Protein chains: 2
Amino acid sequence: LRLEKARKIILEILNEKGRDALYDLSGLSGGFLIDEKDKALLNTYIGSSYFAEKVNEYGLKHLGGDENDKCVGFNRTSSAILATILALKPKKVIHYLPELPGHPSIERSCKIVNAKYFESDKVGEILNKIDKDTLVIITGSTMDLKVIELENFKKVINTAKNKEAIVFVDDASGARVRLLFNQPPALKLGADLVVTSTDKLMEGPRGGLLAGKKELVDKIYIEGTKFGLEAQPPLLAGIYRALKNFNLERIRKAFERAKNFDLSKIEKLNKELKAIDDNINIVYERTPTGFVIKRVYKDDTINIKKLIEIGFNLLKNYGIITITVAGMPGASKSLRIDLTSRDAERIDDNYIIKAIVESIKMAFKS
Amino acid sequence: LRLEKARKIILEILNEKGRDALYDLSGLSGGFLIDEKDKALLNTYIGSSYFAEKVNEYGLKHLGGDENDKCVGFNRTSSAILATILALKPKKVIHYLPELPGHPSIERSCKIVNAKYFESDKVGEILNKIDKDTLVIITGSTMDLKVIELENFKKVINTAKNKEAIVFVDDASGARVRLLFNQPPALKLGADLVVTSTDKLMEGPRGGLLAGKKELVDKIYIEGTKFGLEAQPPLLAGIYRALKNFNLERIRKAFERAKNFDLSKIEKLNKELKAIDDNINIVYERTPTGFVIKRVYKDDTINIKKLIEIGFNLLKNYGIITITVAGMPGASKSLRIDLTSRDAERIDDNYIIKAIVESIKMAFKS
């Protein structure tokens, strides 16, 4: 599955030093944070009921559910969406979202149940299509930090209420993102159902949480279990630890860290290395979650080569894992540092910037 | 989710002594056996590709695949079955199995794709229904240790070959069970596809492995990923460790242990306790995988109560986990010891029999 040199060195580091010497700053990492107590519980039959109970508990808390609500774990968010559509068998699904290519899981699930599908990021195109035979789905946010406007959110919910239509909020990232923007949880807004992802601004694995009216959640969960769409206990355990450790303030501090991150040594290095070679041109950009180094060299072919070499230098010498350590483009290619990553808590700004400076310098030896 | 007293005491034992003091002999336990190296890998992005590769490797080995084959992980076996049926879109599915209520996942998957479904444990009823528009599924075995006759297996495969029909073997338990009976792996028999469960006579979690022709496995896997039916990396890691540690001889030795297990102290205790109370009547039966104590008292209401009390005694004093520790009937009720359980390797016959004898005695204090 393309280039295993990155795997090898991580294993060298793990053997010679240990897990604490590795830092995945790529942002795209699942968070499996179970302890030996969990591990022991996972090797008993009472482990399945135990973690399902903790997920219900910390999941309801996270999603603003009340005593009439239940929260269950699915293998992925797409799994919860398919289970919902298979259980409810809507004749039509109306999908309101921030930007107008959506994720295809809802549409694909519709195809399977021969339900009609319609999507739009325009509230006016949503409102007049809502009737009793429609399942209304609202994607709350993007990872890009675009959100559905709160008044629009409330208008859609109000219309479904009037038409006796079920409202199912896709808060895959929105259960975190919208809250950063001071919006209430989906269930507090009157949503019948909500789904969120346990690895989007959370320290859990990829997985889904589905919450809402007990009756609805139960039916959907039973449907899901027919085909193994539900989260198994090892996944429920990782989800529980994510939920238990989750705190919104942590996310706000990570975003602030990125905002205040001193990147001037990069510019200093850029002008410094032109002594070696006039074709060196370090281009970087600050990002909502950290920063990206897009370029280090003017000639496009050497640029690619050098970025990969720097990524390898970062890993080898500093234990920092990034995407450029995997060969060639397709996914990213830019050297990306995501400060919202759990591992970024283990290292200060000084470690990161010095690691980057030295890793670049190393690749541009005369 | 009914009675959490069993959870509490296990947590007391874990805190006061540790994981090694717990023994789940119920047989129905998933096996999550990952080490800190795995755990560290699961908290990086290279963890997903790494464990997928190990599963392909140790899965192909386990299932008798060749260089043209691939092996992938699904969340459950039902997940692989749905993915297969969604990808291949057969017009009809023919399901040959050992005994004639089958598991409903295939039929349910058929309903979703509007495919016709037919099942039979009679080979003659299978052969004449096979044509080009049929997906032929063979369930290889039951956990009851019934298997499809080898010549019948070969006849079905031969007919599908003649009719250009795909053969998909449900070796959920059969990938182990049939081998105990000296049958070749499904892929060696000419099956196009095979699915097996990673917790049936294996020390993995519940999950599925799907293996066969690369082209077929790829298509099905891509279909599965649309709805999160594929095994996530934490599940792939547990599967890998199961596969890595698997050895057929271990299973044969566990079965031999059950065959040779001295249960005479139970009978000795039975006759001994009639001094206390003439209504005491310990009824036990040897089992292919261990033994079951069905009864301890003649009056049916006290019987129930005492069996639960004994189960609690077993847990409290000896760390042995069984089903009777969960209150009332519905599931099991009989005190069951499964010697194929991983935890049974940590204790000798003497520990188990003395634990049972003393736990019964304790419940029948005057």
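No hydrogens, no waters, no symmetry mates; every other heavy atom, side chains included, goes into these values. Chain A is the first sequence line, chain B the second, and so forth, proteins listed ahead of strands; every chain is numbered from 1.
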task: Give a yes or no answer on whether the side chain of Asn43(A) reaches the backbone of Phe32(B) with a donor-acceptor pair at less than 3.5 Å.
output: yes

message: Can you tell me if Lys61(B) has over 12 outside heavy atoms packed within less than 6.0 Å of its NZ?
response: yes

query: Side chains of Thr139(B) and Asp170(B): is there a donor and an acceptor less than 3.5 Å apart?
result: yes

- line: Between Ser78(B) and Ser105(B), the two heavy atoms sitting closest are CB-CB, 3.8 Å

- request: Might you point out which heavy atoms bring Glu230(A) and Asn75(B) nearest each other, and give the distance in Å?
  value: O-OD1, 2.9 Å

Whether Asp192(B) side chain and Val167(B) backbone form a donor-acceptor pair below 3.5 Å: yes

query: Between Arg286(B) and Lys259(B), what is the shortest heavy-atom contact and its length?
result: NH1-O, 3.3 Å

- prompt: Between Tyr50(B) and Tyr240(B), what is the ring plane arrangement, given parallel below 30°, perpendicular above 60°, and tilted in between?
  reply: perpendicular

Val147(B) versus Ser141(B), closest heavy-atom pair with distance: CG1-CB, 3.9 Å

field: Donor-acceptor under 3.5 Å (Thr287(B) side chain, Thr289(B) main chain)
entry: no

Side-chain heavy atoms of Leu209(A) within contact of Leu243(A), under 4.5 Å: yes

message: Taking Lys200(B)'s backbone N and O only, do any of them form a donor-acceptor pair with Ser173(B)'s side chain (distance below 3.5 Å, no angle check)?
response: no

- request: Inspect the surroundings of CG in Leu1(A) and state if more than 12 heavy atoms from other residues, nucleotides or ligands are less than 6.0 Å away.
  value: no

message: Could you report the tightest heavy-atom contact between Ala344(B) and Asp338(B), atom names first, then the distance?
response: CB-O, 4.4 Å

query: Is the backbone N or O of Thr322(B) less than 3.5 Å from a side-chain atom of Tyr45(A), with the two atoms forming a donor-acceptor pair by type?
result: yes

task: Look at the rings of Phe74(B) and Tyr221(B) and say which category their plane angle falls in: under 30° parallel, 30 to 60° tilted, over 60° perpendicular.
output: perpendicular

task: Please check if any side-chain donor atom of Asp24(B) sits under 3.5 Å from a side-chain acceptor atom of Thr44(A), or the reverse.
output: yes

- request: May I ask you to check whether over 12 heavy atoms, not counting those of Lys39(B), lie within 6.0 Å of atom NZ?
  value: yes

query: Hey, is the main chain of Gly204(B) close enough, under 3.5 Å, to the side chain of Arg241(B) for a donor-acceptor pair?
result: no

- request: Search all heavy atoms of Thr225(A) against all heavy atoms of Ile222(A) and return the closest pair with its distance.
  value: OG1-O, 2.9 Å

- prompt: So, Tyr351(B) versus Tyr23(B), ring centres under 6.0 angstrom or not?
  reply: yes

task: For atom CD of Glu57(B), decide whether the heavy atoms of other residues, nucleotides or ligands shown that lie under 6.0 angstrom number more than 12.
output: yes

message: What I want to check is whether the side chains of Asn152(B) and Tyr96(B) have a donor and an acceptor closer together than 3.5 Å.
response: yes

message: Taking NZ in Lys219(B) as the centre, count heavy atoms belonging to other residues, nucleotides or ligands within less than 6.0 Å. Is the count above 12?
response: no

field: Criterion side chain to side chain contact (heavy atoms under 4.5 Å, CB included) on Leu82(A) and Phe227(A), from CA distance to verdict
entry: CA-CA 11 Å; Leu82(A) 177 63; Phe227(A) 312 108; over 6 Å; no

Whether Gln183(B) side chain and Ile148(B) backbone form a donor-acceptor pair below 3.5 Å: yes

field: Side-chain donor or acceptor of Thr77(B) paired with backbone N/O of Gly208(B) under 3.5 Å
entry: no

- request: Kindly say whether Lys146(B) contributes a backbone atom to a donor-acceptor pair with the side chain of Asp144(B) at under 3.5 angstrom?
  value: no

query: Are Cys110(B) and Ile85(B) close enough that some pair of their side-chain heavy atoms sits under 4.5 Å apart?
result: yes

- prompt: Considering residues at least two apart in sequence or located in another chain, which fulfil the side chain to side chain contact (heavy atoms under 4.5 Å, CB included) criterion with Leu3(B)?
  reply: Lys5(B), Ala6(B), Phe312(B)

task: Would you confirm whether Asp38(A), through its side chain, and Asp35(A), through its main-chain N or O, come within 3.5 Å as a donor-acceptor pair?
output: yes

